[PDB]
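Here the structure comes first, spelled out in structure tokens, and everything after it is commentary.
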Amino acid sequence: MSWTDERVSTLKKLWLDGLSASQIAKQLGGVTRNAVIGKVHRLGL
DNA sequence: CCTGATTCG
DNA sequence: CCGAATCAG
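In terms of the authors' numbering, the numbers along the first sequence are unbroken and rise by one, the last being 45.
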């Protein structure tokens with residue numbers, strides 16, 4: 001499991017949609033909510 | 001419909 | 001860069 005352009009694309013949409021980090025981690029899968037907050041922070045979303 | 005931000009290794 | 005471990009409201 002890695003951060004593909006698609007998986008980052010999915011992450012972009014949902015974080016902007018206002019979903020909690022745990023819900024986001026749930027849909028993506030194979031990634032803890034910690035890692036989600038980590039990636040968002042780096043992209044400055 | 002179970003916090004996010006920021007540091008740390 | 002990554003995600004766990006802290007920091008912070």
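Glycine included, every Cβ here is placed at the ideal spot set by N, Cα and C.
Among the options, nearest to residue i - alpha-carbon criterion
i   : options               : result
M1  : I37, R42, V31 and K39 : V31
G44 : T4, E6 and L11        : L11
Cα-Cα separation between residue i and residue j, rounded to whole angstroms
i   : j   : result
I24 : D17 : 10 Å
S9  : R33 : 17 Å
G38 : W15 : 12 Å
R7  : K26 : 13 Å
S22 : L28 : 10 Å
Run of the alpha helix (DSSP H) containing residue i, from where it starts to where it stops
i          : result
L14        : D5 to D17
residue 47 : Not covered by the structure: residue 47. The range shown for the chain is 1 to 45.
residue 47 : Nothing can be reported for residue 47, as the shown portion of the chain is limited to 1 through 45.
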